[PDB]
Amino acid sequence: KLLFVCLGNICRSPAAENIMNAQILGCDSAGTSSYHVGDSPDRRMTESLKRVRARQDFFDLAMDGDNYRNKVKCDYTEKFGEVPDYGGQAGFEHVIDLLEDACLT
């Protein structure tokens, strides 16, 4: 069982969970903050080409350094030189770009 973790579990780790599901030989996601528990993934992140409920476990992968530190593991990124978090749509595609590289299997 693989668990992908970001801060609110509405943008990054929900994307990681679906990318990994598609790449997989067959995931879940959650968040360090429970402020968004029960919400659907961010409307902008579901919108794309590119199929994406927030919940707040120690499973058999952190999106940024704050999620990770400061079984636990961008260090599977092989092509693109964190998975970045108040932005326009281009930042959402970059998140997907990084997860298609990193998504490890």
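In case it trips you up, residue 1 is the first one in the sequence shown, and so on.
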Continuity check for residue 44 and residue 45, given as deposited residues lacking coordinates between them: none
Residue 103 to residue 104: deposited residues not modelled, binned count -> 1 to 3
Ranking every modelled residue in this chain by its Cα temperature factor as given in the entry, which third contains residue 66? middle
Residue 22: CA B-factor among chain residues, third -> highest
Please place residue 72 in the lowest, middle or highest third of its chain according to the CA B-factor in the PDB entry. middle
Chain-relative C-alpha B factor for residue 32 (record values, thirds): the middle
